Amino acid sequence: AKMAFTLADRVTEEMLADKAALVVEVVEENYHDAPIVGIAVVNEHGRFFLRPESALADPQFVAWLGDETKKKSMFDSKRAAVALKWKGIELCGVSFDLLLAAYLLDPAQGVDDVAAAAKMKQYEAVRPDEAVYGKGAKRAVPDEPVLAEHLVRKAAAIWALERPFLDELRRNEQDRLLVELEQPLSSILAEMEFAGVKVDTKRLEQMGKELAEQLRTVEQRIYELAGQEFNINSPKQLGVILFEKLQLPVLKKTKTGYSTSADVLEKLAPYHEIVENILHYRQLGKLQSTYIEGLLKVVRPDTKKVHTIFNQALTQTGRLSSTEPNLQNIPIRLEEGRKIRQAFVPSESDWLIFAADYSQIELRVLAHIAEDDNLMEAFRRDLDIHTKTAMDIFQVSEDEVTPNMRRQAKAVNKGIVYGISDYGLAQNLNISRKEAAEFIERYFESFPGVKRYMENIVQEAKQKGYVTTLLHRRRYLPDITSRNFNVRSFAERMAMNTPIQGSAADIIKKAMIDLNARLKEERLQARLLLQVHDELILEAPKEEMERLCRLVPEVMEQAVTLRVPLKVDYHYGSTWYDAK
């Protein structure tokens, strides 16, 4: 049932209306320096398909793309915007992004194409991308009539669905969240991804060489200690060596066999010297395969940069994620892995890396939303929150908090944030369930506002069907009324955690927007490179460091006003590693 459209050979004026749905199709998953395979425009004058070689060489089309007063409705405008950046072309005037609209309305739908968004409004006259392009090894751009019809159907769907999505967003009080936060963020993210992060590949290659050697040493030790050679990475062979040949106790069983997770191996260590070597082996192998080799695979040889993609429409809480590479999980906890960060360097000579991070943003949001007097006081006094929680739950003075007490109060604080239960805290602290329940009980005795919040939010999630964040992000929790304890309990944890994690995500997004405007106003050459949930990483000329020291924390702290202050710490240095 073909949809009517003009398969245009040249760009004409009626294609350049000041309101249109626009599709700029980039089929490669990684859109950096990738082909644009076709273009489609739908507006008041009709529906059009243009070949990219024609349209992107046409000066009037390029000027239309870059004209802020010519409004476009798209799906996943950052994909388009980034692909066009690599071709030297600017995309402006995107006033509606259907991907981001669908994500705000319900993140649980997993909307990743136009067809999935359209289904939300009983619009089905468009195919899923997976049906048009196929999947896996059979993934292919189809021939032009099939391609052109698909792109026009997508554009037509966008044109049809804008009004219904914006109506619903408004009813939800999410219209400003789309227009003033997620859409402008999307363009900031596009700049970040495009700029990329410079990598010292030589330093990485030498790290790889050293690891290679330490891995050979530990691997031989392991075969010496096992008394035979085997695939250390094989769960079958390793399970046989540990739990049969060597008779180590079986403390945990996997669905398919013996468990060898790090928590289990740490318990087995006293019984045999093989265990610490296996652990060290896995630590090095992780660094080698994921971080040295993985990173070296994705660095662009021409520029020596990595260009991540930030998925802004994926997480259930409002966080971003990062892929190919993931720059939000670069090792930091153990010193040997943290050195990987010495390979991330400024993109120009005499530039430095600058990192700013919120101090305990999740707990401070909790203090604000729960209005707990004790917690709010703690933050208003800028106390070490974990020491203070130790003092209250153990009923001791600051002098009497031992390192183990602080470690445990810390785990409780994480637990309260992730809404965990006597059971989940017990596993984390390696203790009994009754003991955990005693900690939680003491916590709530000291922070009765937090308890009140946890109760109130679970009830609100049951009453309304969802919970919300500070800036009106939403998460639907239909399992909250389940009669199955485990399923219900998980939904309740989500009710408790989501306004905390999600409101934190809202605040840092708003900081990024405010910061980008300030950097411009000041005409600084400093640029945002990365976000890592509660921190922003920038590069700038050494001559701008002193100004950034004042400017960046202040923008991040003033992003919203909460009942308690926000606090931002910062550092800078020659490499990401040194920015500590």
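Throughout, we count residues from 1 along the sequence that is shown.
- For the pair 319 to 327 and 224 to 232, the record assigns the higher mean C-alpha temperature factor to 224 to 232.
- Across the two stretches, 131 to 139 and 403 to 411, the PDB entry reports the greater mean Cα temperature factor for 131 to 139.
- When the C-alpha B-factors of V555, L548, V532, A57 are ranked from the entry, the top spot goes to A57.
- When the C-alpha B-factors of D263, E455, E124, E362 are ranked from the entry, the top spot goes to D263.
- Placement of the Cα temperature factor of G93 within the chain: middle third of the modelled residues, per the deposited record.
- Ranked against the other modelled residues of its chain, the C-alpha B-factor of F447 as given in the entry falls in the middle third.
- Split the chain's modelled residues into thirds by C-alpha temperature factor. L383 is in the middle one.
- Annotation for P107: C-alpha temperature factor in the middle third relative to the rest of the modelled chain, per the entry.
- In the PDB entry, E53 places in the highest third of its chain by CA B-factor.
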